[PDB]
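Notes follow the structure.
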Amino acid sequence: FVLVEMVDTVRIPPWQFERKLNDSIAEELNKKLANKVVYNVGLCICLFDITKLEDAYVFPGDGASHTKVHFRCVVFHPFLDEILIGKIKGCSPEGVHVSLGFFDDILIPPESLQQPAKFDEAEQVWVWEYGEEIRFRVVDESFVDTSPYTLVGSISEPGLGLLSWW
Amino acid sequence: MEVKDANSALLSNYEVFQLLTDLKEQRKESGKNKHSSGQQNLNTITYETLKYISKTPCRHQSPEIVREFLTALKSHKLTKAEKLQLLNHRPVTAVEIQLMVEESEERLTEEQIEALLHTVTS
Amino acid sequence: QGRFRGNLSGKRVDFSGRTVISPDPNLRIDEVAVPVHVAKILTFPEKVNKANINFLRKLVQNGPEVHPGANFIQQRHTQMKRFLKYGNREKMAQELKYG
Amino acid sequence: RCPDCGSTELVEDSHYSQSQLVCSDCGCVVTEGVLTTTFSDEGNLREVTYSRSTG
Amino acid sequence: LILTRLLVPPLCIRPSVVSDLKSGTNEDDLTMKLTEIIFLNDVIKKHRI
Amino acid sequence: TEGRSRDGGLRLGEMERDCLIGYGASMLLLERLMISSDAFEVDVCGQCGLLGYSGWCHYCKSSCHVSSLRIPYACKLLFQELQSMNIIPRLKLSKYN
Amino acid sequence: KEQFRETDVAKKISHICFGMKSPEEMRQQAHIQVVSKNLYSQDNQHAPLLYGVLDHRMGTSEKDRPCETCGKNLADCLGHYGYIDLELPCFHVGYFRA
Amino acid sequence: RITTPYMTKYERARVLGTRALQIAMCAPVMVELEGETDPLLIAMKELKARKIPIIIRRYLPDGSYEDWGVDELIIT
Amino acid sequence: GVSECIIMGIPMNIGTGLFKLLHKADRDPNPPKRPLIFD
Amino acid sequence: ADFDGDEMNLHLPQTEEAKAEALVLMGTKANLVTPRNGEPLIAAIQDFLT
Amino acid sequence: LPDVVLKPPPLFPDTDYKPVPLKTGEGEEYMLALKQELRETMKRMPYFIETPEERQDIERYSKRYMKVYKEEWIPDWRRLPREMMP
RNA sequence: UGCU
Ligand SMILES: *[C@@]1(O)[C@@H](COP(=O)(O)OP(=O)(O)OP(=O)(O)O)O[C@@H](n2cnc3c(=O)[nH]c(N)nc32)[C@@H]1O
Ligand SMILES: [Mg+2]
Ligand SMILES: [Zn+2]
Ligand SMILES: [Zn+2]
Ligand SMILES: [Zn+2]
């Protein structure tokens, strides 16, 4: 979770003039940035606040009200060392499929660093014994439109001991 | 649609929880049928993030407690990431600070752990 | 007849007509007479609002045949035009949404 | 077929010098507008026979 | 400034009318000029060979 | 088209354009000469300034800087003819604000 | 899950920068190479030849035969250019004085 | 504050056109129209009543700008 | 220039296009900012 | 004009802004005088002066 | 008359003449080795200025451990004009 | 070729 500065030219139709301008801008920004991953930024959750809002222009075309609004929004973007607590939403032979609680099923922990008893035989077996912890390692983003996903990240689980659960 | 700074300022989970609660109450007070039908992903993401934060121990927090915890940790020369993780996790056991918290070497001192536990539990 | 003079500076448009003129002193200086035949062909796109909803409903009910009326309707959701000469004009008028 | 009702009653009816393939059941305009040439455009297109264009 | 490649425009600039009434079609002058240029290039290549 | 037999429309000649300019009805002149006559939406790449298709720039082999733009079809034809004549018009787009 | 990409922007042209293209830029811009001097095929359908003049990969000019580069009709096709190499260079009459 | 206080015919036409377009796009009316089915007539009534919520942003050639309200300007 | 404006299909700078219009919407410039507790 | 066979053109705008600009700027009641010298052109004519 | 060609010429037409092999000798080998050594040693030279990294994520205790350290040469400000002093 |  981190704040990000953005400047958006929001277009409000003429039938929304009876509503408050700031509330309409906030609603439009939320609807535009709800469940979308901005490249090199992360997945935006919602709008935090609006800092600067200059004059509202009306173009000779569509005739709506275009406003250039400066705002801050919350995005989920770890700092390459953040610790998280997720739940195992499945498991694959090459690696477990853990997912943060109802947030995103994109965490793919590589099983190449635990103690030398690591293997998945497709029977949803996590690990042989001697709320799942996660340590983010690196981020990565990719594009979608390439002809006429985008956030997976790397997860680590060192020898944390885990006296509560093996 | 360009961004100015993706790492402007880090915030704990309490601020996100408060923002989500405010958005949810404003939504339930001024719900609009067409606005909701246009984009339903907003409702889903807000509800699920709020449910996740409720599952976490982030409850029973207040800005006064956050400021007191920050001022208590300022005397421990700990870094911003460490204090952010401690505030977001609220560790009740010692092992969570001994091993799970990074940069343990030379920072634990085997005497400051008790003070850290007392401050995070108070 | 070049691109600059015959296709950019001066170009042909639609929704226009050419007809002979005749005198008529019974009309104001700021008024001009238009024949029914040209009026039924030259159409104007009017947006359905909370003011002229009933007028547009009556025009749709009249249809392309009667002079006060319309010829096509473009829905707000889909941009597929609908010809009033075919289909139930009464249903089309009863299902006129804003926009 | 009609994109709205799925009917196959598509008739080409020109409405005041406007060629238009329109459904006869609901009046949904399927296609409209045809691209012709113009006389000066027609005059400046030269007549070449298949004996030369084909090869 | 010295050209070695000619940019043949799309077919939108070169309208072609299929005159089914006879065994021929109406083509613009640009198509004929490009055909002549290609023929001359082929003839030059043949003479070089 | 030109003639009435071929269902032709009227021509707003250079004199009509001059009269409209003298009146100052900018929106009326725009609606007459762009919207109601040869309205079209093209795709222009913001990197090279060339004309794309279906939101794709074949020159740069990318589609991130391609954006839609309203332009007369006659103007697009003029741009294409100039590009054929090796006179390449490089369009540098920007926000309307 | 989903990436944020802007649908449409109210882009306004600022100015037109005229210029010229090198043969390499012409090759990069063009899609196919036109080498056949003929127009149509020997069959009675008189279909346009491939890699030749009047090819449908460089746009379309008929309401029945759509463009091959982009799967759109004539009303929606913008057209595509092509490059034709010359064995010997020639002076550009427009730029001969230059 | 240095330009002419009178509202020119070009400004009148542009404001009336913008208001008519907004009303045709289902904008709220602030004059309580009485059977006026023409958006241009409604815009003219609003202009005569001095209730159009539009502010003219006059730009000087150098780059400066000044805001003038419809109710603040003088009409003829 | 007016000629290139007409050619490109944009409103000419002369006439009604010399100035710009603004909407008199009920708003509040520089709205109150939510205070940051952690920072 | 002289009503001896003149063919005149009639155009219908397709935009509210264009309609308003035409009515205001190109209004007959507002263009009763020419900008050349201010003399009124829309006035009485034959069969009215007499 | 010239025949018509259906397909375009190959993008890389074949040639019956091949490049002459490179000169062999201890001199050429030593020159190659020295050029490789220069390539390897000039990148780490202080004159090889790299792109200044920016937009750091966070500050950590391991910053002092991972801090890149390299001696910087001092230019001759007597010979160099005054417009290049930091 | 006709029209004002
Ligand atoms: C008339 O006797 C001749 C003279 O025509 P031109 O003006 O010499 O034709 P042009 O020079 O080629 O004019 P443009 O360049 O404008 O096209 O030609 C016949 N004729 C010419 N034009 C017309 C016409 O418009 N309509 C008709 N019916 N006949 C025309 C005449 O016999
Ligand atoms: Mg006459
Ligand atoms: Zn149908
Ligand atoms: Zn490009
Ligand atoms: Zn195409």
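Following the order of the structure tokens, first chain is A, next is B, and so on, with residues numbered from 1 inside each chain and ligands from 1 in the order they appear.
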If we count only C-alpha atoms (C1' of nucleotides), what is near residue 66 of chain B at a cut-off of 10 Å, once residues fewer than 3 positions away on the same chain are taken out, given as a PyMOL selection string?
(chain B and resi 12+14+61-63+69-72+87) or (chain I and resi 37-38)
Set the distance at 12 Å and use only C-alpha atoms (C1' of nucleotides): which residues neighbour residue 5 of chain J once local chain neighbours fewer than 6 positions away are removed? I'd like the list as a PyMOL selection string.
(chain C and resi 19-23) or (chain L and resi 3-4)
Output the selection as a PDB file, in the first residue's frame - N, CA and C atoms (P, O5', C5', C4', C3', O3' and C1' of nucleotides) for each residue.
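Here's the written file out_6.pdb:
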```
ATOM      1  N   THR C  19     -33.430  24.947 -55.102  1.00  0.00           N
ATOM      2  CA  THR C  19     -34.765  25.119 -55.656  1.00  0.00           C
ATOM      3  C   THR C  19     -34.921  26.547 -56.162  1.00  0.00           C
ATOM      4  N   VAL C  20     -35.879  26.730 -57.072  1.00  0.00           N
ATOM      5  CA  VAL C  20     -36.205  28.045 -57.612  1.00  0.00           C
ATOM      6  C   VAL C  20     -36.963  28.848 -56.562  1.00  0.00           C
ATOM      7  N   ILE C  21     -36.821  30.168 -56.628  1.00  0.00           N
ATOM      8  CA  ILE C  21     -37.435  31.069 -55.668  1.00  0.00           C
ATOM      9  C   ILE C  21     -38.640  31.748 -56.305  1.00  0.00           C
ATOM     10  N   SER C  22     -39.572  32.179 -55.458  1.00  0.00           N
ATOM     11  CA  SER C  22     -40.759  32.900 -55.891  1.00  0.00           C
ATOM     12  C   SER C  22     -41.111  33.934 -54.834  1.00  0.00           C
ATOM     13  N   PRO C  23     -41.756  35.034 -55.218  1.00  0.00           N
ATOM     14  CA  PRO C  23     -42.072  36.083 -54.245  1.00  0.00           C
ATOM     15  C   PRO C  23     -43.252  35.725 -53.354  1.00  0.00           C
TER      16      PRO C  23
ATOM     17  P     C L   3     -29.445  29.863 -71.752  1.00  0.00           P
ATOM     18  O5'   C L   3     -29.974  30.160 -70.285  1.00  0.00           O
ATOM     19  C5'   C L   3     -31.220  29.612 -69.886  1.00  0.00           C
ATOM     20  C4'   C L   3     -31.178  29.040 -68.491  1.00  0.00           C
ATOM     21  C3'   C L   3     -31.029  30.044 -67.375  1.00  0.00           C
ATOM     22  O3'   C L   3     -32.241  30.730 -67.091  1.00  0.00           O
ATOM     23  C1'   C L   3     -29.577  28.237 -66.983  1.00  0.00           C
ATOM     24  P     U L   4     -32.190  32.302 -66.836  1.00  0.00           P
ATOM     25  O5'   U L   4     -31.210  32.414 -65.602  1.00  0.00           O
ATOM     26  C5'   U L   4     -31.645  32.097 -64.288  1.00  0.00           C
ATOM     27  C4'   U L   4     -31.138  33.142 -63.349  1.00  0.00           C
ATOM     28  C3'   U L   4     -30.963  34.490 -64.014  1.00  0.00           C
ATOM     29  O3'   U L   4     -32.153  35.270 -64.011  1.00  0.00           O
ATOM     30  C1'   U L   4     -28.951  33.895 -62.916  1.00  0.00           C
TER      31        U L   4
END
```
Could I get the residue neighbourhood of ligand 5 at 9 Å, counting only C-alpha atoms (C1' of nucleotides) and all ligand atoms, as JSON, numbers by chain?
{"E": [10], "F": [53], "G": [56, 57, 58, 59, 60, 66, 67, 68, 69, 70, 71, 72, 73, 74, 76, 77, 78, 79, 80]}
Output N, CA, C and O atoms for every residue in that selection, as a PDB file, in the first residue's frame.
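What follows is the written file part-v7.pdb:
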```pdb
ATOM      1  N   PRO E  10      -2.096   3.499 -51.355  1.00  0.00           N
ATOM      2  CA  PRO E  10      -3.144   2.477 -51.238  1.00  0.00           C
ATOM      3  C   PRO E  10      -4.131   2.505 -52.395  1.00  0.00           C
ATOM      4  O   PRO E  10      -4.044   3.362 -53.281  1.00  0.00           O
TER       5      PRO E  10
ATOM      6  N   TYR F  53      -3.621   2.175 -38.412  1.00  0.00           N
ATOM      7  CA  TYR F  53      -4.871   1.505 -38.747  1.00  0.00           C
ATOM      8  C   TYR F  53      -5.273   0.606 -37.589  1.00  0.00           C
ATOM      9  O   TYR F  53      -4.432  -0.116 -37.044  1.00  0.00           O
TER      10      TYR F  53
ATOM     11  N   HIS G  56      -4.834  -6.398 -52.793  1.00  0.00           N
ATOM     12  CA  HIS G  56      -5.726  -6.019 -51.704  1.00  0.00           C
ATOM     13  C   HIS G  56      -5.021  -5.912 -50.359  1.00  0.00           C
ATOM     14  O   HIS G  56      -5.639  -5.455 -49.393  1.00  0.00           O
ATOM     15  N   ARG G  57      -3.756  -6.325 -50.265  1.00  0.00           N
ATOM     16  CA  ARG G  57      -3.003  -6.116 -49.033  1.00  0.00           C
ATOM     17  C   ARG G  57      -2.591  -4.663 -48.842  1.00  0.00           C
ATOM     18  O   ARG G  57      -2.169  -4.297 -47.740  1.00  0.00           O
ATOM     19  N   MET G  58      -2.703  -3.834 -49.877  1.00  0.00           N
ATOM     20  CA  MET G  58      -2.410  -2.407 -49.799  1.00  0.00           C
ATOM     21  C   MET G  58      -3.694  -1.582 -49.811  1.00  0.00           C
ATOM     22  O   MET G  58      -3.755  -0.507 -50.408  1.00  0.00           O
ATOM     23  N   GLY G  59      -4.733  -2.081 -49.160  1.00  0.00           N
ATOM     24  CA  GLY G  59      -6.024  -1.422 -49.127  1.00  0.00           C
ATOM     25  C   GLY G  59      -7.030  -2.122 -50.024  1.00  0.00           C
ATOM     26  O   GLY G  59      -6.790  -3.208 -50.557  1.00  0.00           O
ATOM     27  N   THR G  60      -8.179  -1.470 -50.191  1.00  0.00           N
ATOM     28  CA  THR G  60      -9.250  -2.008 -51.016  1.00  0.00           C
ATOM     29  C   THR G  60      -9.924  -0.877 -51.779  1.00  0.00           C
ATOM     30  O   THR G  60      -9.965   0.267 -51.321  1.00  0.00           O
ATOM     31  N   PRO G  66     -12.795  -7.246 -49.581  1.00  0.00           N
ATOM     32  CA  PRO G  66     -12.240  -6.437 -48.492  1.00  0.00           C
ATOM     33  C   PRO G  66     -10.716  -6.450 -48.498  1.00  0.00           C
ATOM     34  O   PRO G  66     -10.071  -7.196 -49.234  1.00  0.00           O
ATOM     35  N   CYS G  67     -10.151  -5.596 -47.646  1.00  0.00           N
ATOM     36  CA  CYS G  67      -8.705  -5.523 -47.497  1.00  0.00           C
ATOM     37  C   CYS G  67      -8.165  -6.801 -46.864  1.00  0.00           C
ATOM     38  O   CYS G  67      -8.804  -7.416 -46.006  1.00  0.00           O
ATOM     39  N   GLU G  68      -6.973  -7.203 -47.303  1.00  0.00           N
ATOM     40  CA  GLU G  68      -6.336  -8.395 -46.761  1.00  0.00           C
ATOM     41  C   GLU G  68      -5.473  -8.102 -45.543  1.00  0.00           C
ATOM     42  O   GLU G  68      -5.325  -8.971 -44.676  1.00  0.00           O
ATOM     43  N   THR G  69      -4.888  -6.905 -45.461  1.00  0.00           N
ATOM     44  CA  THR G  69      -4.083  -6.553 -44.295  1.00  0.00           C
ATOM     45  C   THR G  69      -4.944  -6.432 -43.043  1.00  0.00           C
ATOM     46  O   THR G  69      -4.641  -7.035 -42.006  1.00  0.00           O
ATOM     47  N   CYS G  70      -6.027  -5.662 -43.124  1.00  0.00           N
ATOM     48  CA  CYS G  70      -6.952  -5.475 -42.014  1.00  0.00           C
ATOM     49  C   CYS G  70      -8.326  -5.990 -42.413  1.00  0.00           C
ATOM     50  O   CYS G  70      -8.827  -5.658 -43.490  1.00  0.00           O
ATOM     51  N   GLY G  71      -8.928  -6.800 -41.543  1.00  0.00           N
ATOM     52  CA  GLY G  71     -10.217  -7.399 -41.832  1.00  0.00           C
ATOM     53  C   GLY G  71     -11.363  -6.418 -41.701  1.00  0.00           C
ATOM     54  O   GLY G  71     -12.206  -6.548 -40.809  1.00  0.00           O
ATOM     55  N   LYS G  72     -11.394  -5.419 -42.581  1.00  0.00           N
ATOM     56  CA  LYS G  72     -12.434  -4.402 -42.570  1.00  0.00           C
ATOM     57  C   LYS G  72     -12.894  -4.134 -43.996  1.00  0.00           C
ATOM     58  O   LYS G  72     -12.214  -4.476 -44.966  1.00  0.00           O
ATOM     59  N   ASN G  73     -14.064  -3.511 -44.113  1.00  0.00           N
ATOM     60  CA  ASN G  73     -14.638  -3.197 -45.414  1.00  0.00           C
ATOM     61  C   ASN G  73     -13.958  -1.953 -45.988  1.00  0.00           C
ATOM     62  O   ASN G  73     -13.008  -1.410 -45.416  1.00  0.00           O
ATOM     63  N   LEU G  74     -14.445  -1.488 -47.143  1.00  0.00           N
ATOM     64  CA  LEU G  74     -13.867  -0.303 -47.767  1.00  0.00           C
ATOM     65  C   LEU G  74     -14.122   0.946 -46.934  1.00  0.00           C
ATOM     66  O   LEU G  74     -13.239   1.802 -46.805  1.00  0.00           O
ATOM     67  N   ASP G  76     -14.223   1.327 -43.857  1.00  0.00           N
ATOM     68  CA  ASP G  76     -13.417   1.366 -42.648  1.00  0.00           C
ATOM     69  C   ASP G  76     -11.928   1.184 -42.909  1.00  0.00           C
ATOM     70  O   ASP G  76     -11.131   1.419 -41.995  1.00  0.00           O
ATOM     71  N   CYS G  77     -11.528   0.769 -44.113  1.00  0.00           N
ATOM     72  CA  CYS G  77     -10.109   0.600 -44.406  1.00  0.00           C
ATOM     73  C   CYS G  77      -9.484   1.948 -44.739  1.00  0.00           C
ATOM     74  O   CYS G  77     -10.029   2.720 -45.532  1.00  0.00           O
ATOM     75  N   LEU G  78      -8.335   2.224 -44.123  1.00  0.00           N
ATOM     76  CA  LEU G  78      -7.611   3.463 -44.365  1.00  0.00           C
ATOM     77  C   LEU G  78      -6.572   3.329 -45.467  1.00  0.00           C
ATOM     78  O   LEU G  78      -6.134   4.347 -46.017  1.00  0.00           O
ATOM     79  N   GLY G  79      -6.171   2.109 -45.801  1.00  0.00           N
ATOM     80  CA  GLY G  79      -5.209   1.872 -46.854  1.00  0.00           C
ATOM     81  C   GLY G  79      -3.795   1.709 -46.320  1.00  0.00           C
ATOM     82  O   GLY G  79      -3.440   2.188 -45.240  1.00  0.00           O
ATOM     83  N   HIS G  80      -2.973   1.019 -47.106  1.00  0.00           N
ATOM     84  CA  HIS G  80      -1.594   0.735 -46.746  1.00  0.00           C
ATOM     85  C   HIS G  80      -0.703   0.960 -47.960  1.00  0.00           C
ATOM     86  O   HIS G  80      -1.110   0.719 -49.100  1.00  0.00           O
TER      87      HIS G  80
END
```
For chain D versus ligand 3, which residues have an atom no more than 12 Å away, and what is each residue's nearest atom pair and distance in Å rounded to one decimal, using only C-alpha atoms and all ligand atoms, chain-then-number order, as JSON lines?
```
{"residue": "D:1", "atom": "CA", "partner": "ligand 3", "partner_atom_place_in_ligand_line": "1 (Zn)", "distance": 7.5}
{"residue": "D:2", "atom": "CA", "partner": "ligand 3", "partner_atom_place_in_ligand_line": "1 (Zn)", "distance": 4.4}
{"residue": "D:3", "atom": "CA", "partner": "ligand 3", "partner_atom_place_in_ligand_line": "1 (Zn)", "distance": 6.8}
{"residue": "D:4", "atom": "CA", "partner": "ligand 3", "partner_atom_place_in_ligand_line": "1 (Zn)", "distance": 5.6}
{"residue": "D:5", "atom": "CA", "partner": "ligand 3", "partner_atom_place_in_ligand_line": "1 (Zn)", "distance": 4.6}
{"residue": "D:6", "atom": "CA", "partner": "ligand 3", "partner_atom_place_in_ligand_line": "1 (Zn)", "distance": 6.0}
{"residue": "D:7", "atom": "CA", "partner": "ligand 3", "partner_atom_place_in_ligand_line": "1 (Zn)", "distance": 5.2}
{"residue": "D:8", "atom": "CA", "partner": "ligand 3", "partner_atom_place_in_ligand_line": "1 (Zn)", "distance": 7.5}
{"residue": "D:9", "atom": "CA", "partner": "ligand 3", "partner_atom_place_in_ligand_line": "1 (Zn)", "distance": 7.2}
{"residue": "D:10", "atom": "CA", "partner": "ligand 3", "partner_atom_place_in_ligand_line": "1 (Zn)", "distance": 7.7}
{"residue": "D:11", "atom": "CA", "partner": "ligand 3", "partner_atom_place_in_ligand_line": "1 (Zn)", "distance": 10.5}
{"residue": "D:21", "atom": "CA", "partner": "ligand 3", "partner_atom_place_in_ligand_line": "1 (Zn)", "distance": 10.9}
{"residue": "D:22", "atom": "CA", "partner": "ligand 3", "partner_atom_place_in_ligand_line": "1 (Zn)", "distance": 7.8}
{"residue": "D:23", "atom": "CA", "partner": "ligand 3", "partner_atom_place_in_ligand_line": "1 (Zn)", "distance": 4.7}
{"residue": "D:24", "atom": "CA", "partner": "ligand 3", "partner_atom_place_in_ligand_line": "1 (Zn)", "distance": 6.6}
{"residue": "D:25", "atom": "CA", "partner": "ligand 3", "partner_atom_place_in_ligand_line": "1 (Zn)", "distance": 5.2}
{"residue": "D:26", "atom": "CA", "partner": "ligand 3", "partner_atom_place_in_ligand_line": "1 (Zn)", "distance": 4.5}
{"residue": "D:27", "atom": "CA", "partner": "ligand 3", "partner_atom_place_in_ligand_line": "1 (Zn)", "distance": 6.0}
{"residue": "D:28", "atom": "CA", "partner": "ligand 3", "partner_atom_place_in_ligand_line": "1 (Zn)", "distance": 5.3}
{"residue": "D:29", "atom": "CA", "partner": "ligand 3", "partner_atom_place_in_ligand_line": "1 (Zn)", "distance": 8.2}
{"residue": "D:30", "atom": "CA", "partner": "ligand 3", "partner_atom_place_in_ligand_line": "1 (Zn)", "distance": 8.5}
```
With a cut-off of 6 Å and counting only C-alpha atoms, select all residues of chain A in contact with chain B and give the selection as an NGL selection string.
:A and (2-6 or 8 or 31 or 34 or 41 or 101-102)
Show me, as a short mmCIF file (atom, residue, chain, number, x, y, z; two decimals) with C-alpha atoms, in the first residue's frame, the residues of chain G whose atoms get within 10 Å of chain E, using only C-alpha atoms for the distance check.
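Okay, out15.cif is ready:
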```cif
data_model
loop_
_atom_site.label_atom_id
_atom_site.label_comp_id
_atom_site.auth_asym_id
_atom_site.auth_seq_id
_atom_site.Cartn_x
_atom_site.Cartn_y
_atom_site.Cartn_z
CA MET G 20 11.40 13.25 -46.08
CA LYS G 21 11.90 9.50 -45.75
CA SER G 22 15.02 7.48 -46.50
CA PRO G 23 14.74 4.23 -48.49
CA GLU G 24 15.05 2.30 -45.22
CA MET G 26 10.14 3.67 -46.87
CA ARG G 27 10.77 -0.08 -46.58
CA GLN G 29 6.58 1.87 -43.60
CA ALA G 30 5.55 -0.33 -46.53
CA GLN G 33 6.84 -5.43 -52.23
CA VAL G 34 5.19 -4.88 -55.62
CA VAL G 35 7.19 -6.62 -58.35
CA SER G 36 4.60 -7.95 -60.84
CA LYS G 37 3.75 -5.56 -63.68
CA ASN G 38 0.41 -7.23 -64.45
CA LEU G 39 -2.83 -6.32 -62.66
CA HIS G 46 -9.76 -11.62 -63.05
CA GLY G 52 1.71 -7.06 -57.65
CA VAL G 53 -0.17 -3.88 -58.49
CA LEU G 54 -3.78 -3.50 -57.27
CA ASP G 55 -3.15 -6.03 -54.50
CA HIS G 56 -5.73 -6.02 -51.70
CA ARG G 57 -3.00 -6.12 -49.03
CA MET G 58 -2.41 -2.41 -49.80
CA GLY G 59 -6.02 -1.42 -49.13
CA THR G 60 -9.25 -2.01 -51.02
CA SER G 61 -11.15 -0.25 -53.80
CA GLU G 62 -14.19 -2.54 -54.20
CA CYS G 67 -8.70 -5.52 -47.50
CA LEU G 74 -13.87 -0.30 -47.77
CA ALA G 75 -15.66 2.26 -45.60
CA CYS G 77 -10.11 0.60 -44.41
CA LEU G 78 -7.61 3.46 -44.37
CA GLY G 79 -5.21 1.87 -46.85
CA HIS G 80 -1.59 0.73 -46.75
CA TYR G 81 1.45 1.76 -48.77
CA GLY G 82 3.98 -0.31 -50.67
CA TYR G 83 7.61 0.03 -51.71
CA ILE G 84 8.99 -0.60 -55.21
CA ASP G 85 12.76 -0.79 -55.57
CA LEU G 86 14.45 0.72 -58.62
CA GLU G 87 17.51 -0.87 -60.22
CA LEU G 88 19.10 2.54 -60.84
CA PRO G 89 18.48 5.71 -58.80
CA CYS G 90 16.63 8.61 -60.39
CA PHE G 91 16.49 12.33 -59.69
CA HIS G 92 13.36 13.50 -57.87
CA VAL G 93 11.77 16.13 -60.12
CA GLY G 94 10.28 17.84 -57.07
CA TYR G 95 13.70 18.06 -55.40
CA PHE G 96 15.80 18.45 -58.56
CA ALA G 98 17.22 21.33 -54.30
#
```
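Contacts with ligand 4 are defined as any residue atom within 10 Å of a ligand atom, using only C-alpha atoms (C1' of nucleotides) and all ligand atoms; the residues meeting this criterion are residues 44, 45, 46, 47, 48, 49, 50, 51, 52, 56, 57, 58, 59, 60, 61, 62, 63, 64, 65 and 66 of chain F; 29 of chain G.
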Could you name the residues that touch residue 86 of chain K at 12 Å or less, counting only C-alpha atoms (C1' of nucleotides), but leaving out those on the same chain fewer than 5 positions away, as a count of residues only?
4
Within 9 Å of ligand 1, counting only C-alpha atoms (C1' of nucleotides) and all ligand atoms, residues as a ChimeraX atom specification:
/D:40 /L:1-2
Store the residues picked out above, limited to C-alpha atoms (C1' of nucleotides), as a PDB file, in the first residue's frame.
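Output saved as part_20.pdb:
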```
ATOM      1  CA  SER D  40     -15.072  14.037 -63.220  1.00  0.00           C
TER       2      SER D  40
ATOM      3  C1'   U L   1     -25.223  22.361 -73.569  1.00  0.00           C
ATOM      4  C1'   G L   2     -28.145  25.234 -71.037  1.00  0.00           C
TER       5        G L   2
END
```
Residues within 7 Å of residue 85 of chain A, only C-alpha atoms (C1' of nucleotides), excluding chain neighbours under 5 positions, as a PDB file with N, CA and C atoms, in the first residue's frame:
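File result.pdb, as written:
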```
ATOM      1  N   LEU A 100      -3.434 -13.705  -1.746  1.00  0.00           N
ATOM      2  CA  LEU A 100      -3.818 -12.850  -0.635  1.00  0.00           C
ATOM      3  C   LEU A 100      -5.333 -12.890  -0.461  1.00  0.00           C
ATOM      4  N   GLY A 131      -3.322 -19.025   6.973  1.00  0.00           N
ATOM      5  CA  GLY A 131      -2.282 -18.107   7.398  1.00  0.00           C
ATOM      6  C   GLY A 131      -0.896 -18.530   6.957  1.00  0.00           C
ATOM      7  N   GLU A 132      -0.535 -18.166   5.729  1.00  0.00           N
ATOM      8  CA  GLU A 132       0.760 -18.499   5.152  1.00  0.00           C
ATOM      9  C   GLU A 132       1.551 -17.219   4.920  1.00  0.00           C
ATOM     10  N   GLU A 133       2.784 -17.192   5.419  1.00  0.00           N
ATOM     11  CA  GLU A 133       3.615 -16.003   5.310  1.00  0.00           C
ATOM     12  C   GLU A 133       4.251 -15.911   3.929  1.00  0.00           C
ATOM     13  N   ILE A 134       4.561 -14.681   3.526  1.00  0.00           N
ATOM     14  CA  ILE A 134       5.085 -14.384   2.198  1.00  0.00           C
ATOM     15  C   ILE A 134       6.049 -13.211   2.310  1.00  0.00           C
TER      16      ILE A 134
END
```
Using only C-alpha atoms (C1' of nucleotides), which residues sit within 12 Å of residue 59 of chain H once same-chain residues fewer than 2 positions away are excluded, as a VMD selection string?
(chain H and resid 3 56 to 57 61 to 68) or (chain I and resid 13 17 to 21)
Determine, for each residue of chain K having at least one atom at most 8 Å from an atom of chain E, the closest pair of atoms and their separation in Å to one decimal, counting only C-alpha atoms; order by chain and ascending number, as CSV.
```
residue,atom,partner,partner_atom,distance
K:1,CA,E:43,CA,7.2
K:2,CA,E:43,CA,5.8
K:3,CA,E:42,CA,7.9
```
Residues within 12 Å of segment 48-50 of chain J, please, as a list in words. Count only C-alpha atoms (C1' of nucleotides); anything in the same chain fewer than 4 positions from it doesn't count.
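The neighbour list is residues 25 of chain C; 43 and 44 of chain J.
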Atoms to include: N, CA and C atoms. Write the selected residues as a JSON list (two decimals), in the first residue's frame.
```json
[["chain", "number", "residue", "atom", "x", "y", "z"],
["C", 25, "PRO", "N", -44.85, 38.19, -50.16],
["C", 25, "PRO", "CA", -44.72, 39.27, -49.17],
["C", 25, "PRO", "C", -45.41, 38.99, -47.85],
["J", 43, "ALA", "N", -34.46, 46.76, -47.29],
["J", 43, "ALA", "CA", -35.40, 47.87, -47.21],
["J", 43, "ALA", "C", -36.47, 47.67, -48.27],
["J", 44, "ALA", "N", -37.25, 48.72, -48.53],
["J", 44, "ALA", "CA", -38.31, 48.63, -49.52],
["J", 44, "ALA", "C", -37.72, 48.47, -50.92]]
```
Find the spatial neighbours of residue 30 of chain I, counting only C-alpha atoms (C1' of nucleotides), within a cut-off of 8 Å - ignore same-chain residues fewer than 5 positions away - and output them as a PyMOL selection string.
chain A and resi 50-53
Run DSSP on the backbone and give me the residues of chain H it puts in strand (DSSP E), as number ranges by chain.
H: 54-59, 65-69
At a cut-off of 6 Å around ligand 2, and using only C-alpha atoms (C1' of nucleotides) and all ligand atoms, what residues come up? Please write them as number ranges by chain.
J: 1-4, 6; L: 4
